[PDB]
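Everything on this sheet refers to the single structure shown next.
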């Protein structure tokens, strides 16, 4: 197996067990058993337990930010369509039980762990991405300026959190999209 | 000392290590060392690791529901004061580095096992509490009926999550209360 082949297999499996058991709970030996490789092989690719954790979380952040940027579409895409894209993709990601989204949200509440500084720093770009989208909407009179764009971004973040919990409770696309459209309509008003 | 006090001491130690290392990241041997008791003593009160985890999370939920209940106050309390109470007590708990609140939010995103079924079941009473609060505010025209009371309750929960994150970033009560009042002011127009 080529080295790029192998590294992505190990990262996949590490993300998988993180989603099932929690961030950073599985050892290199556990990853080795899932990949049917020696423990030394995993250490060759990730010299420390912490190096594997940060590289999995970097991939999780990239999945999150790529989802948002894809929803931004081309310039001039209406704020409403961007917001519906974000909520509908979040809902569908819960329905498919995507590992990265489960790990992202667990990362967000790992306050006391060495990984939380990575969460708050690495995800500034997504906060700024959402802030720019609301600021654009402000400029185009698609939403009022009663709240600063950054506060609207945080508000949307909280909506994504409750949608995430509600969709895990009830992974029904139609019912969940009705809830999400209600939140977005209220946010836009 | 007495058995119910000894068991409470073990639960408190388990909550401490759960907050530091993560839910379920301490065995009975670790708790025994923390409490200066035999390992058999811990198994006498908690026959399994799952029993200890479940009972710590029950205590965590009790703290959350108690905080909401005391914010509800007397039957006539205005919605604004109830909402300000919840957000201000949440911010204060972050400033105090309260173990129960850290574990509560970690629990909320630990979609696994029977611990997450325990999260959704045990906190249903808090969702109902918040729903009744908004329904009462609707009946007294403290907030419009554009959205159902249950949807406002969920919205406030998202506000609490973002306030929790922002307060852990910046502890300043003054700045954090201004942020919280901004979210509550916004919610009350919606």
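In segment A:111-124 there is no residue that is buried (at least 21 other Cβ atoms within 10 Å of the Cβ), over 23 Å from residue B:175 (Cβ atoms) and either under 14 Å from the mean Cα position of the chain (by Cα) or touching a residue at least 60 places away in the same chain (Cβ under 8 Å) (or both). Residues that are in contact (Cβ under 8 Å) with a residue 24 or more places away in the chain and within 9 Å of chain B (Cβ to nearest Cβ) were ranked within segment A:157-182; the one that is farthest from residue A:65 (Cα to Cα) is A:168. For segment B:7-17, the criterion of a residue being touching a residue at least 60 places away in the same chain (Cβ under 8 Å) and surrounded by fewer than 20 Cβ atoms within 10 Å (Cβ to Cβ) is satisfied by at least one position.
For residues in segment A:80-94 being farther than 27 Å from residue B:18 by Cβ and within 13 Å of another protein chain (Cβ to nearest Cβ), which is farthest from the chain's Cα centre (by Cα)? In this case the residue turns out to be A:87.
If I filter segment A:150-163 for residues that are in contact with a helix residue (DSSP H, G or I) (Cβ under 8 Å, 6 or more places away or on another chain) and under 27 Å from residue B:25 (Cα atoms), do I get at least one hit? There is at least one residue in segment A:150-163 that is in contact with a helix residue (DSSP H, G or I) (Cβ under 8 Å, 6 or more places away or on another chain) and under 27 Å from residue B:25 (Cα atoms). The criterion of being facing chain B (nearest Cβ under 9 Å), part of a helix (DSSP H, G or I), without any contact (Cβ under 8 Å) to a residue 60 or more places away in the chain and surrounded by 16 or more Cβ atoms within 10 Å (Cβ to Cβ) does not hold for residue A:102.
Here residue A:78 meets the list (1) over 27 Å from residue B:99 (Cα atoms); (2) surrounded by 15 or more Cβ atoms within 10 Å (Cβ to Cβ) almost entirely, failing just condition (2).
If only residues of segment A:142-156 that are within 8 Å of chain B (Cβ to nearest Cβ) and surrounded by fewer than 22 Cβ atoms within 10 Å (Cβ to Cβ) are counted, the one that is farthest from residue B:179 (Cα to Cα) is A:146.
Note: ideal-geometry Cβ built from the backbone for every residue, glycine included; neighbour counts use all protein chains shown. Bear in mind these aren't lab numbers, they're just calculated from the coordinates by the rules spelled out.
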